[PDB]
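*Asks:* Take a look at this one; I'll ask things after.
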Amino acid sequence: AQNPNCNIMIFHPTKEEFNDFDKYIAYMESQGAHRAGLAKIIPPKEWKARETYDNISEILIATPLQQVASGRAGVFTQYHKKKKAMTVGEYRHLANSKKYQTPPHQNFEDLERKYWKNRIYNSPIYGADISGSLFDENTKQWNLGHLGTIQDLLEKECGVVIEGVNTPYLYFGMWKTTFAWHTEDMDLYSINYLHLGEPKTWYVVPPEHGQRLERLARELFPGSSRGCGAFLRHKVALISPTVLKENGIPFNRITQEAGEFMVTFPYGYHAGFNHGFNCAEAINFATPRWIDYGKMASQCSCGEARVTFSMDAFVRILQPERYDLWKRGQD
Ligand SMILES: O=C(O)CNC(=O)C(=O)O
Ligand SMILES: [Mg+2]
Ligand code: NI
Ligand SMILES: [Zn+2]
């Protein structure tokens, strides 16, 4: 069995190997990459996502989210408070202000220490989930706006045509902006490109150990657990690496830098934080190996998690028994 300790693997494809996305994901998996739940892909040196980032300041962040924490330093939830619209130019200025900027630090490790010590005492503002793309239409390789769709994958594997579309999302981040512990909708893969700015640190639990995280989460967030049988779908819970180590939860960590891709694999729980002003683009995708995860994915039916139009059809075709109750949660 390849990669039995489930370590995060880092890949360095040649420009030739960068041509066929599906084939390269399949190569990574042949080397055991999926066992970690997360892989890093450094693009060939010849490749670029676009020519420059000099003209992005007029993109609108219609609903910036202030991320307010409750709990203790290592075990907390976060809620999102909606703020007034601002442009990317305005957001970058705010990220760089004395109130919100990255503190002085020695190295990534010192910054990580400062994150876990101090995150809960601040409420950073995140421009998340903004439909759109920063890839130039002439970038032909690993263009997250030109991938094969999840609906076409299901049609190719299963023979059923379904409604829905699949488009990318932009994330504009600042120091301490946080992504809570989650897997993707319907336990899909995701791919994330860090277009510009400061790094993003990731933590991940191997898929084969996901249930261990869920059991710890039920213990640490006991009211949430009673309210919903899949409350991690709400994407609000944070658990520090110190707490995971104290509870024997297997995980790994890695820092992504500008110009690098990260791929999350089906049922790979992940969480993390941004180091400073940055912009990432991400999208879900599927492969034939996903189908069996999709069929078994937990769902939120308390109604909090409220998800895309396109997820309907996945639940309807792959999880027909769940379908009824789940759409009651959606309506
Ligand atoms: O970048 C972020 O805030 C969150 N991204 C993801 O969880 C992902 O790409 O799967
Ligand atoms: Mg612009
Ligand atoms: Ni994710
Ligand atoms: Zn729920």
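For what it's worth, PDB author numbering labels the leading residue of the sequence shown as 11, then goes sequentially. The C-beta atom is built at its ideal place from N, Cα and C for all residues, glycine as well.
With H, G and I counted as helix, E and B as strand and the rest as coil, what does DSSP make of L144?
*Replies:* Taking the first residue of the sequence shown as position 1, residue 144 is located at position 134. Of the three classes helix, strand and coil, the one that applies to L144 here is coil, per DSSP.
*Asks:* When we look at the beta-carbon of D197 and count the other beta-carbons within 10 Å, is it buried (16 or more) or exposed?
*Replies:* Taking the first residue of the sequence shown as position 1, residue 197 is located at position 187. By the neighbour-count rule (16 or more Cβ atoms within 10 Å), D197 is buried.
*Asks:* Excluding sequence positions up to five away, which residues of its chain have a Cβ less than 6 Å from the Cβ of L335?
*Replies:* The residue given as residue 335 occupies position 325 in the sequence shown. Excluding positions up to five away in sequence, the list reads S311.
*Asks:* Only counting the same chain, and skipping five residues up and downstream in sequence, which positions put a Cβ closer than 8 Å to that of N257?
*Replies:* Position 247 of the sequence shown, counted from the start, is the residue given in the question as residue 257. Excluding residues within five positions, the ones whose Cβ falls inside 8 Å are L226.
*Asks:* Can you name the residues that DSSP bridges to residue 7?
*Replies:* The chain is shown only over 11 to 341; residue 7 falls outside these bounds and no answer can be derived.
*Asks:* With a 10 Å radius around its C-beta and 16 neighbouring C-beta atoms as the bar for buried, classify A292 as buried or exposed.
*Replies:* Taking the sequence shown and counting its residues from 1, the one referred to as residue 292 is at position 282. Per the 10 Å Cβ criterion, buried.
*Asks:* Identify every residue that forms a DSSP beta bridge with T87.
*Replies:* Numbered from 1 along the sequence shown, position 77 holds the residue referred to as residue 87. According to DSSP, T87 bridges with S80, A247.
*Asks:* Is it the case that the CB of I66 approaches a heavy atom of ligand 2 more closely than 7 Å?
*Replies:* To locate residue 66, count along the sequence shown from 1; it is residue 56. For ligand 2, at least one heavy atom lies less than 7 Å from the Cβ of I66.
*Asks:* Which stretch, first to last residue, makes up the alpha helix (DSSP H) that contains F275?
*Replies:* Counted from its first residue, the sequence shown places residue 275 at position 265. Neither: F275 is in no alpha helix (DSSP H) and is coded neither H nor E.
*Asks:* Can you have a look at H285 and say buried or exposed, based on whether 16 or more other CB atoms are within 10 angstroms of its CB?
*Replies:* In the sequence shown, counting from the first residue as 1, residue 285 sits at position 275. Buried, because 16 or more other Cβ atoms sit within 10 Å of the Cβ of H285.
*Asks:* Grouping DSSP H, G and I as helix and E and B as strand, with all else coil, what is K92?
*Replies:* By 1-based counting over the sequence shown, the position of residue 92 is 82. Correct three-state label for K92: strand.
*Asks:* So, for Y277: in the same chain, excluding its five sequence neighbours on each side, which residues have a beta-carbon less than 6 Å away from its beta-carbon?
*Replies:* Working through the sequence shown from its first residue, we reach residue 277 at position 267. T193, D197, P217, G220, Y303.
*Asks:* What would DSSP say about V171, mapped onto helix, strand or coil?
*Replies:* Counting from one through the sequence shown, the residue named residue 171 turns up at place 161. Note: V171 maps to coil in three-state DSSP.
*Asks:* Let's see if you can read the secondary structure: which residues bound the beta strand (DSSP E) around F182?
*Replies:* Taking the sequence shown and counting its residues from 1, one reaches residue 182 at position 172. Here the beta strand (DSSP E) through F182 covers 179-183.
*Asks:* Leaving out the 5 sequence neighbours to the left and right, which residues in its chain are closer than 6 Å to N288 when beta-carbon positions are compared?
*Replies:* As a first step, residue 288 must be located in the sequence shown, where it is residue number 278. Closer than 6 Å at Cβ, skipping near neighbours: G183, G207, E208.
*Asks:* Suppose the cutoff is 8 Å on Cβ atoms and the five residues either side in sequence are ignored; what does the same chain contact list for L48 look like?
*Replies:* Reading the sequence shown from its first residue, position 38 is the one you call residue 48. For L48, where only same-chain residues beyond five positions count, the Cβ hits under 8 Å are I18, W212, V214, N262, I264, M272, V273, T274, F275, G278, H280.
*Asks:* List the endpoints of the continuous beta strand (DSSP E) containing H205.
*Replies:* Within the sequence shown, the letter at position 195 stands for residue 205. Taken as a continuous stretch (DSSP letters only), the beta strand (DSSP E) holding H205 covers 199-207.
*Asks:* How about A290: is its Cβ closer than 7 Å to a heavy atom in ligand 1?
*Replies:* Taking the first residue of the sequence shown as 1, we reach residue 290 at position 280. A290 Cβ: within cutoff of ligand 1.
*Asks:* Just list the residues that DSSP pairs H192 with in beta bridges.
*Replies:* Stepping through the sequence shown from its first residue, residue 192 is reached at position 182. Its beta-bridge partners are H280.
*Asks:* What is the DSSP secondary structure of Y110, reduced to helix, strand or coil?
*Replies:* Looking up residue 110 in the sequence shown gives position 100. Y110 falls in the coil class under three-state DSSP.
*Asks:* Note the first and the last residue of the continuous alpha helix (DSSP H) segment covering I20.
*Replies:* Position 10 of the sequence shown, counted from the start, is the residue given in the question as residue 20. Counting along the chain, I20 falls outside any alpha helix (DSSP H), though it belongs to the beta strand (DSSP E) covering 19-21.
*Asks:* Taking 7 Å as the cut-off, is the CB of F271 close to at least one heavy atom of ligand 1?
*Replies:* Against the sequence shown, residue 271 aligns to sequence position 261. No, the Cβ of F271 stays beyond 7 Å of every heavy atom of ligand 1.
*Asks:* Hey, is the stretch 168-184 in contact with the stretch 239-256, meaning 3+ C-beta pairs nearer than 8 Å?
*Replies:* Not touching, per the Cβ criterion.
*Asks:* My guess is that residue 6 and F86 are in contact by the Cβ rule of under 8 Å, so how many angstroms apart are they, rounded?
*Replies:* Outside the modelled stretch of the chain, which goes from 11 to 341, sits residue 6, for which no answer is possible.
*Asks:* Quick one: is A11 buried, meaning 16 or more other Cβ sit within 10 Å of its Cβ, or exposed?
*Replies:* Along the sequence shown, one-based indexing puts residue 11 at 1. Exposed, since its Cβ has fewer than 16 Cβ neighbours within 10 Å.
*Asks:* Going by C-alpha distance, which of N117, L75, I66 is nearest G142?
*Replies:* For this step, residue 142 is matched to residue 132 along the sequence shown. For the residues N117, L75, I66, the minimum Cα distance to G142 belongs to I66.
*Asks:* Do three or more CB pairs link the stretch 170-179 to the stretch 312-328 at distances below 8 Å?
*Replies:* Verdict: yes, contact present.
*Asks:* Under the three-state reduction of DSSP, which class applies to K55: helix, strand or coil?
*Replies:* Locating residue 55 in the sequence shown gives position 45, counting from the first residue. It is coil, neither helix nor strand.
*Asks:* Determine the contact status of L157 and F145, defining contact as a CB-CB distance below 8 Å.
*Replies:* Looking up residue 157 in the sequence shown gives position 147. Looking up residue 145 in the sequence shown gives position 135. No; because the gap between Cβ atoms is not below 8 Å, this pair is not in contact.
*Asks:* What runs of the alpha helix (DSSP H), each 4 residues or longer, lie entirely inside the stretch 209-247?
*Replies:* Segments of the alpha helix (DSSP H) lying fully in the stretch 209-247: 220-230, 232-237.
*Asks:* Is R263 helix, strand or coil by DSSP?
*Replies:* Here residue 263 corresponds to residue number 253 of the sequence shown, with the count starting at 1. Of the three classes helix, strand and coil, the one that applies to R263 here is strand, per DSSP.
*Asks:* When you compare only the Cα positions, how much space is there between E39 and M306?
*Replies:* The residue you call residue 39 lines up with position 29 of the sequence shown. The residue you call residue 306 lines up with position 296 of the sequence shown. Spanning the two alpha carbons is a distance of roughly 20 Å.
*Asks:* Helix, strand or coil for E291, going by three-state DSSP, please let me know.
*Replies:* Here residue 291 refers to the residue found at position 281 of the sequence shown. Three-state DSSP puts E291 in a strand.
*Asks:* Use the C-beta contact count for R236: other C-beta atoms within 10 angstroms, 16 or more gives buried, fewer gives exposed.
*Replies:* In the sequence shown, the residue the question calls residue 236 occupies position 226. With fewer than 16 Cβ atoms within 10 Å of its Cβ, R236 is classed as exposed.
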